[PDB]
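Data block below; observations after.
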Amino acid sequence: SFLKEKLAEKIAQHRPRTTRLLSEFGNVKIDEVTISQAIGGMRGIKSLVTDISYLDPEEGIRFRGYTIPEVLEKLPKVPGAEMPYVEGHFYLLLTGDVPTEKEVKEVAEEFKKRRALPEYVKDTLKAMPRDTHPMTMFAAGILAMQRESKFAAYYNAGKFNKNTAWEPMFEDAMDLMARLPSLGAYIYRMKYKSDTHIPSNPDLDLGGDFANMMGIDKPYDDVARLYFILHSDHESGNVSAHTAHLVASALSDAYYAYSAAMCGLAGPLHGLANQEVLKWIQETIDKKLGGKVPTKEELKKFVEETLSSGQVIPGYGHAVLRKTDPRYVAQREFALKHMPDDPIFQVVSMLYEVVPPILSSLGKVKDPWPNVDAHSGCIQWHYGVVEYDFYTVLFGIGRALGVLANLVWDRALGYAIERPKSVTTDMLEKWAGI
Amino acid sequence: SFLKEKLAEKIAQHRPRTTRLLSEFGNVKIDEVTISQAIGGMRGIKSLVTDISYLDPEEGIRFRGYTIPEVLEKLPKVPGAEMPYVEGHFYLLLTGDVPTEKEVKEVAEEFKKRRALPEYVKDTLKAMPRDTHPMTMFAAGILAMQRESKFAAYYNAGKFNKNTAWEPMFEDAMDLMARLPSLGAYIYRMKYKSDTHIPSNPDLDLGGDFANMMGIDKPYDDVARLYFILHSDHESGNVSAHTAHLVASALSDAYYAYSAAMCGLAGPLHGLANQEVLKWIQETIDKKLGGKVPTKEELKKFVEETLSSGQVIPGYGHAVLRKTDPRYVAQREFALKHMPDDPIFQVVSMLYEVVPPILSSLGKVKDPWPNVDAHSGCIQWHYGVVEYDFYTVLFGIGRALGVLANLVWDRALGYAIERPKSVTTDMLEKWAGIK
Amino acid sequence: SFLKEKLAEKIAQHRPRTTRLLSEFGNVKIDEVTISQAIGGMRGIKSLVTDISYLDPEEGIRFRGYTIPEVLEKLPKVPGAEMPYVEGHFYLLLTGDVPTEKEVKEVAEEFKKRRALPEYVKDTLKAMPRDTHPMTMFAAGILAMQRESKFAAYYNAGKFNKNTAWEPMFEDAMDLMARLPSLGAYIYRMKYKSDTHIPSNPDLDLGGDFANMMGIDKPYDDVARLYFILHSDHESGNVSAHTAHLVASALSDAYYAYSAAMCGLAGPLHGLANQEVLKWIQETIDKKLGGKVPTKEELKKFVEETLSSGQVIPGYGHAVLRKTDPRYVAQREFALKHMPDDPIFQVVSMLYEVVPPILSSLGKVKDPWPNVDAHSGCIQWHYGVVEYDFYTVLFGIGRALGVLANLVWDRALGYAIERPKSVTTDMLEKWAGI
Amino acid sequence: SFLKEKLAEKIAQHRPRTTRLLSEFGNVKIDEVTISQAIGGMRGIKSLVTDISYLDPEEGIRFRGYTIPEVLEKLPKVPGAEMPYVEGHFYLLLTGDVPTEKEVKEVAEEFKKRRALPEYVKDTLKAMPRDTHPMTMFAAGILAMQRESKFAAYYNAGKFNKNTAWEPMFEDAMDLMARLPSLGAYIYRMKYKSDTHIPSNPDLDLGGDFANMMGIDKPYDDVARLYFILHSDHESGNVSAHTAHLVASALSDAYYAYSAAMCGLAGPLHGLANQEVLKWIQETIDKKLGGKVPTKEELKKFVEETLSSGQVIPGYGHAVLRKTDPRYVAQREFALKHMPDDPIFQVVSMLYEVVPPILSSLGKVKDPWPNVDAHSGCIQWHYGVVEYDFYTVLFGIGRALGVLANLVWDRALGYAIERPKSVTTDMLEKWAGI
């Protein structure tokens, strides 16, 4: 395919740069580790390499060098719609190049051929109790499809070649990515919409087909296209991306790797913020603000009182972000265009003005600003995706774009098994001088 | 005494030390990071803290301060058997104390009441195609039981408290550990023994009951006790244990964390060496040494041929170990005792002598010495576990002892979400000074 | 001593006989084929070889040289029961030796460890519609278990060897024979006893444990033991035994072979005469005799009127037998002892007196005597096995004793693929002169 | 225009022929039986009658009087395609007439109506472990559908009439024939193509719809159409057809009968040679000829070394053919047209030149010529059917065309239960004079 040939070019161009870094510059120091960081989840340690995306603490995320506004402007749109083909974003993440219309359409045609869900995935999901969390189902679905792994067949057949290993990884990535929105939709329908299902429409693009199978009309197609691209990657040190990278580093295939990643993304400190903001807003409109959009003043003192209590404002702060999330800003522009009179949005917006001043002064949070999780839910809710637990599956679908692109490159560049060294508490006391 | 009270005691003693390290000695440097290490999978970077086990490059694994000989010496033994209660090593990894007889039997009895598998686990495994890899089934079994997570229930009901979060994690760790041998045995029977199942026997310890459910006579009960204890932990930095830790650090429960771990352990660079060594040894006895135990001399030269011909000796070398793996030694001791005449073992025994000198002379492999995987298979094979892919599942059962003990402690000490920083190739080049 | 080594010795003795017959007397003629016989199902043609049993037209079946009375006399009995260990008859068919008590106890021990039904067999039976006929369920259960075939794995792994092939076959025969009663019982329970199952008792013999699992008290254990022994074999030329031989002659394993055999045994001209007889007797009692035992003379006229109005007496006549079936006589001895006052048995008994005189007089029926099917039903009904369709499944369980012994020997003696030649009607018309 | 009415005409004018042979010429001798034949699987004994096809040792197979060039030439062709309607071939096997366009279309309409696979067949095949061999699955699928048997229901309801019985048998044959390619395809998808399914195209003929559901592009539709016709029958004496005839003879319905047939076709001595040839060629190319299309002389000496070493050349003998299989020749013509330069075909093509002279030179094999199995594999492989075990299922689909047409005729002519006589080894020894 044109995509695969383009990728093989980029790989041949990139490889000598990595080889040279190891050959001539291997011993150059880039960071230190303190006791604090060792106890505190490797916080800040520059110890991972990816070219898929880079998370500036100030400017936010860039995808292959591009800002979010650049991505959304440059990528070919789906004919009729506001937003890019998600396929074209995948193209970008894999190659580094913005695809032409022709190039995106090629990827779109190939996703259509790979989109069908194995019947045994449905069988497995029906055998798991219907009351299982949808992220458990989503991770199980991915894992069961490890049976189809081309990377795994290639290894087990003794065909492993370090120059070539990326190739079956790419095929697995294409297979898995094409299917993840059908898996997610199947889980949504089976749990929440009376277990009635809408057939994949073989003429729609990934995002459009996802909206179709979920059973949500236009413009949910664009909501999803936007959503998937914005969640696509946040460099490789976040828990889900890292988990995939780690597991993949042992030459586990992408089904094992992305299943594992979703076990991490299900974690309350990673995947749950979207819905916890939405809930706290809703619960705030209910109890505090008399059931309507308040005034800037009334809101002002609600936040001030919340903070002095000892309580926190959800969807604000981040472990790496220090300014306004540009993923937040794009969600905001979609809302402003499409649901300006939604009560929940209005509260979201006014939180935008009020909450930052009040805690850059308090100065207690390091990132006194909104992450994307402050804006995602109100848009989902608006279109009737009310099933909070499910929001993380949407994240799961989105994040596969970057993560699976990352696993192809990990393999392209022959990155080694990730295996840091442990130390004991006693050893830490030794170094500290106790 | 009661395991959970004993653990609370240890948690209350341990917590001040961690606090003091962060409060007064935060910024003490313990290591550096180079370009080579960022590219090379964090190799050698000291950036993980666990007290369960510690891997010494020269001396090997120590569990809670103890070497393997000490562990096998001090842990109370199953009446009528060679090896310790697997339950007593769990007690050790959790508490730091060698259990008395009272204490181990309390764990043994508590596991007995937590052994039975949810029936939907069997339903789920049957719905997965039967030609699914055993490790895929093993990870899925674990994952489906996240429906039962007490930690998840605790969190989702709003009860998360930093001081007490370890308690539901403990309950899940006890629930899961108790079941993993039955889940593995289910998978072994369903795939490889015509799908007939031998019920759990509640008068048997974990390891005895494992051999029972697998359908294998004595001394496979001890083979299993020893294997699981040997494979129980290898500090936190190995891929499987690290994956559990990473995932749970986002406050994902143990079912999510341990399923993710087995996704990593299924990897060829992590979980396959046992069966690759064995296949190699069998393929060598056949097509290279005339279906026979060779002479020390012929093997000496066969090895030299293989290396120079551009290949590797499997089950030799390690990322962290730099001398003989004492897990290998404990396996060798078992084999010398119980199968001295087994032809495969003889080659394994002979390789022990021949290979380290040759590898060392070449000065290529930093660990010219064997790891456990060099030894585990001839033992499994001997007793009739011929199903190579299932060896990794034996590994998964064992490795849960330390990983789950570690997750309890991660939550006890409130260890933060693991979130290192990525950098790009362009950034490395900048720092390399080549603009 | 141990069965397999005894079988091995027997095989070593029999081989040179076979080898000599072929090297030296290959061209000796032993029969002809006529147009009548080509059209009429190879009737009477001497074209099969087996030593397990031999059907004598006048004297009936002999098992390994023994009559039925001799078999039931010499075979060791189950301690405290009337009838032999079914395991002991198996030993006899495999080896040609009456086993000692010690030798039968070794086969019984081995059957206890081979008895368990694979869980997927009952998954498959539940997926099949519950309204499926029990012989379809029976053949399917056997066929599913060909996944476990040691002979098939032996072949597939490239280990086929003229000399040793019988060894995997023996292993498969032991595995299958051990399970067949259990498969039968499961079908009985799942279809006709409300789908509640009674577990195997591991201290019971094949026969006793079959009755246990079926849910039927003593003496149905001896009913079974005797039933299975009487149905164990009828030379190799009957449809079911011949089907298994034919199929296995292509080196298909015993599961394929015995499943196909049950496809033949299900046929109305092979497997149904038991139930057809019983239904006929029960209709006869109710309508034609006012629900009451007739007199010898009342029945003699009923028989005559039935015959002379273009109907047959079911359970009399055979394709090969020409005298009273000794298997019928054995059922009768059991019924006389255990249920003499049974009305249905009283009609069966009188029919034995009255019918043969009348059939021989008319001189139309070449075997004016009963076969076993005239008698089996009234015993089964007496003990509450009323589910007519199931009776064939009992036949299947028993016939496997001789058929699986026969397959073991077929491969021991390297019997070639069975492949006769076909002709057309045109060619018969040419043979005949037109 | 109705097949059933035409078949009733053909049965009415055939029945007196059969009657007369029995009435007047029953005693004419057509063959002998020797010790060697009785021991050696009825080898060569003329003991079976069928009119569907006849295997001349020198001409090879004729279908209803016609040669393969004649069938392929005269049967109406599917529009747009190269090959005849498979449905047209079934019409020929049933009636003996080559169908008009109107006639074949009628049959194509009837299969379109009867083609749908029962959902419980899928249920059953899912509950059977996915690692079961596809032929075990194929045989189970057929077996499970005896639930639907018209013939069985007609018998069970007491309607059996020896003049009329061919009629529900025909209905079962049409039903089952229409469905077998959908069963095969389902098995192929669920085992080998990730358990995703391509729906039946109701506008396609049998062969075209098979290729559709398999997921293989034109021209595999013609490959299949040709494959199925070529494999359609090989008279009644081959193991699979014989097994079906035998079981059916006991008035077992076609589902029981064709299930049992596929148990025999699964056998290594009957169903595997396609696989076994193709593998041997592949292995030879790799191991023995350094991975290249060899010269005529390189291969000749390879054959000579293989043959003198006592190892055999697969796909070049037969128990009945004594000359080149015309089935082989039609495969060769197709490949000549459609895949000239295929390396595996090149080797097949050169083998056809080289092997026969060498083979007759030593004069040990009775048939020093190819059978169809020497050619089928390179064609399936060319088109991406690489799953060797599945090739026998293709065989099973094909062979049903002849076997089921035969079972209809068996019942039309009221052919009797097949039940030859067994003898013992002792009895062979007496006759020999030992």
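Chain labels A, B, ... are given in the sequence in which chains occur in the structure tokens; within each chain residues are numbered consecutively from 1, and ligands are likewise numbered from 1 in the order shown.
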Counting only C-alpha atoms, which residues of chain B come no farther than 7 Å from chain C, as a CSV table (one decimal) with N, CA and C atoms, in the first residue's frame?
chain,number,residue,atom,x,y,z
B,194,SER,N,-8.3,-33.1,27.3
B,194,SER,CA,-9.6,-33.6,26.8
B,194,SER,C,-10.8,-33.0,27.6
B,195,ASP,N,-10.6,-31.9,28.3
B,195,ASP,CA,-11.7,-31.1,28.9
B,195,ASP,C,-12.4,-31.9,29.9
B,196,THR,N,-11.7,-32.8,30.6
B,196,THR,CA,-12.2,-33.3,31.9
B,196,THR,C,-11.4,-32.7,33.0
Q) What residues in chain D lie within 9 Å of chain A, counting only C-alpha atoms, written as number ranges by chain? A) D: 126, 190, 193-197
Output for the residues just chosen: N, CA and C atoms as an mmCIF file, in the first residue's frame:
data_model
loop_
_atom_site.group_PDB
_atom_site.id
_atom_site.type_symbol
_atom_site.label_atom_id
_atom_site.label_comp_id
_atom_site.auth_asym_id
_atom_site.auth_seq_id
_atom_site.Cartn_x
_atom_site.Cartn_y
_atom_site.Cartn_z
ATOM 1 N N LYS D 126 -19.827 -23.812 17.107
ATOM 2 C CA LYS D 126 -19.136 -22.945 18.051
ATOM 3 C C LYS D 126 -18.886 -23.683 19.372
ATOM 4 N N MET D 190 -14.845 -19.281 9.977
ATOM 5 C CA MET D 190 -14.809 -19.285 11.432
ATOM 6 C C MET D 190 -13.494 -19.869 11.934
ATOM 7 N N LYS D 193 -10.395 -17.350 8.763
ATOM 8 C CA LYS D 193 -10.435 -15.955 8.340
ATOM 9 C C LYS D 193 -11.010 -15.055 9.436
ATOM 10 N N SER D 194 -10.603 -15.330 10.689
ATOM 11 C CA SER D 194 -10.838 -14.415 11.801
ATOM 12 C C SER D 194 -12.311 -14.362 12.177
ATOM 13 N N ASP D 195 -13.075 -15.357 11.734
ATOM 14 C CA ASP D 195 -14.452 -15.495 12.193
ATOM 15 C C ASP D 195 -15.265 -14.266 11.807
ATOM 16 N N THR D 196 -14.986 -13.702 10.629
ATOM 17 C CA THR D 196 -15.898 -12.755 9.995
ATOM 18 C C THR D 196 -16.498 -13.403 8.755
ATOM 19 N N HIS D 197 -17.733 -13.014 8.425
ATOM 20 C CA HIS D 197 -18.559 -13.775 7.509
ATOM 21 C C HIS D 197 -19.027 -12.839 6.395
#
Q) Just asking: which residues within range 2-91 of chain C are strand (DSSP E) according to DSSP, as a PyMOL selection string? A) chain C and resi 29-34+46-49+53-56+60-63
Q: Tell me, as a PyMOL selection string, which residues lie within 10 Å of residue 424 in chain A, counting only C-alpha atoms; anything in the same chain fewer than 6 positions away does not count.
A: (chain A and resi 430) or (chain B and resi 48-55+64+235)
Q | Which of range 193-301 of chain C fall in alpha helix (DSSP H), as a PyMOL selection string | A | chain C and resi 206-214+220-230+239-248+254-265+273-283+296-301
(Q) Could you list, as a PyMOL selection string, every residue within 8 Å of residue 416 in chain D, counting only C-alpha atoms and ignoring same-chain residues fewer than 5 positions away? (A) (chain C and resi 39-41) or (chain D and resi 249-250)
(Q) List as a PyMOL selection string the protein and nucleic acid residues near residue 263 in chain A, meaning an atom at most 8 Å away when only C-alpha atoms are counted, but skip any in the same chain fewer than 3 places from it. (A) (chain A and resi 135-136+139+240+259-260+266-267) or (chain B and resi 247+252+256-257+259-260)
Please write the residues from the selection above to a file, keeping N, CA and C atoms, as an mmCIF file, in the first residue's frame.
data_model
loop_
_atom_site.group_PDB
_atom_site.id
_atom_site.type_symbol
_atom_site.label_atom_id
_atom_site.label_comp_id
_atom_site.auth_asym_id
_atom_site.auth_seq_id
_atom_site.Cartn_x
_atom_site.Cartn_y
_atom_site.Cartn_z
ATOM 1 N N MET A 135 -15.169 -0.923 30.264
ATOM 2 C CA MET A 135 -13.743 -0.931 29.966
ATOM 3 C C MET A 135 -13.174 -2.328 30.130
ATOM 4 N N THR A 136 -13.761 -3.117 31.050
ATOM 5 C CA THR A 136 -13.375 -4.514 31.199
ATOM 6 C C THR A 136 -13.737 -5.291 29.922
ATOM 7 N N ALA A 139 -11.332 -4.102 26.955
ATOM 8 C CA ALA A 139 -10.028 -4.719 27.111
ATOM 9 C C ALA A 139 -10.050 -6.214 26.793
ATOM 10 N N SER A 240 -1.368 4.778 29.873
ATOM 11 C CA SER A 240 -1.916 3.856 28.896
ATOM 12 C C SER A 240 -0.883 3.640 27.778
ATOM 13 N N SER A 259 -4.730 -4.141 25.001
ATOM 14 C CA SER A 259 -5.527 -4.649 26.117
ATOM 15 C C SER A 259 -4.983 -4.182 27.469
ATOM 16 N N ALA A 260 -3.678 -4.380 27.667
ATOM 17 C CA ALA A 260 -2.989 -3.974 28.893
ATOM 18 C C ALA A 260 -3.098 -2.480 29.119
ATOM 19 N N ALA A 266 -8.454 2.459 32.303
ATOM 20 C CA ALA A 266 -9.591 2.298 33.220
ATOM 21 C C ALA A 266 -9.318 2.842 34.630
ATOM 22 N N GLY A 267 -8.052 3.144 34.934
ATOM 23 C CA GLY A 267 -7.688 3.572 36.268
ATOM 24 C C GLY A 267 -8.269 4.949 36.597
ATOM 25 N N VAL B 247 0.092 -0.079 36.090
ATOM 26 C CA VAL B 247 -1.334 -0.010 35.859
ATOM 27 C C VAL B 247 -2.025 0.317 37.165
ATOM 28 N N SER B 252 -6.029 1.476 39.217
ATOM 29 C CA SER B 252 -6.678 0.314 38.635
ATOM 30 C C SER B 252 -6.511 -0.827 39.628
ATOM 31 N N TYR B 256 -7.329 -5.804 36.866
ATOM 32 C CA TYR B 256 -6.843 -5.031 35.734
ATOM 33 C C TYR B 256 -5.311 -5.099 35.714
ATOM 34 N N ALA B 257 -4.663 -4.948 36.888
ATOM 35 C CA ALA B 257 -3.211 -4.812 36.881
ATOM 36 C C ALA B 257 -2.548 -6.141 36.530
ATOM 37 N N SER B 259 -3.967 -8.885 34.939
ATOM 38 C CA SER B 259 -4.220 -9.159 33.519
ATOM 39 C C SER B 259 -3.194 -8.449 32.631
ATOM 40 N N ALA B 260 -2.987 -7.138 32.857
ATOM 41 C CA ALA B 260 -2.014 -6.383 32.067
ATOM 42 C C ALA B 260 -0.610 -6.991 32.198
#
Q.
Just checking: using only C-alpha atoms, which residue out of B:349, B:199, B:239, B:116 ends up closest to residue 245 in chain A?
A.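 Of B:349, B:199, B:239, B:116, the one nearest residue 245 in chain A, counting only C-alpha atoms, is B:239.
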(Q) I'd like the contact shell of residue 242 in chain D - 9 Å cut-off, only C-alpha atoms, skipping same-chain residues fewer than 6 positions apart - returned as a list in words. (A)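 Residues meeting the cut-off are residues 246, 419 and 420 of chain C; 48, 235, 236, 261 and 403 of chain D.
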Please save N, CA, C and O atoms of the selected residues as a short mmCIF file (atom, residue, chain, number, x, y, z; two decimals), in the first residue's frame.
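What landed in selection-v9.cif:
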data_model
loop_
_atom_site.label_atom_id
_atom_site.label_comp_id
_atom_site.auth_asym_id
_atom_site.auth_seq_id
_atom_site.Cartn_x
_atom_site.Cartn_y
_atom_site.Cartn_z
N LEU C 246 -15.48 -50.09 7.21
CA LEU C 246 -15.28 -49.43 5.93
C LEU C 246 -14.59 -48.08 6.14
O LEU C 246 -13.56 -47.76 5.52
N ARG C 419 -12.71 -51.27 -1.09
CA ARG C 419 -13.00 -50.53 -2.31
C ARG C 419 -13.48 -51.49 -3.40
O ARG C 419 -12.72 -51.86 -4.29
N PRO C 420 -14.72 -52.00 -3.31
CA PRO C 420 -15.23 -52.90 -4.33
C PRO C 420 -15.49 -52.10 -5.60
O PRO C 420 -15.34 -50.88 -5.59
N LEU D 48 -21.51 -53.93 -6.49
CA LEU D 48 -22.27 -52.70 -6.32
C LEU D 48 -22.82 -52.25 -7.68
O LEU D 48 -22.16 -52.37 -8.71
N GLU D 235 -18.15 -43.41 -9.28
CA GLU D 235 -19.05 -44.53 -9.01
C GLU D 235 -19.24 -44.72 -7.50
O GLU D 235 -18.99 -43.81 -6.71
N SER D 236 -19.71 -45.91 -7.09
CA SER D 236 -20.28 -46.06 -5.77
C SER D 236 -19.35 -46.86 -4.88
O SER D 236 -19.69 -47.09 -3.73
N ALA D 261 -20.52 -40.58 5.37
CA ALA D 261 -19.63 -40.51 4.21
C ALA D 261 -18.39 -39.64 4.48
O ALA D 261 -17.30 -39.97 4.05
N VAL D 403 -23.26 -38.49 -4.75
CA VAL D 403 -23.72 -39.43 -3.72
C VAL D 403 -25.20 -39.25 -3.47
O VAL D 403 -25.95 -40.24 -3.47
#
**Q.** Surrounding residues of range 212-229 of chain D excluding itself and chain neighbours under 2 positions, 8 Å, only C-alpha atoms, as a PyMOL selection string
**A.** chain D and resi 81-86+89+182+185-186+188-189+197-201+206-210+231-232+376+379+383+394-395+397-399+401
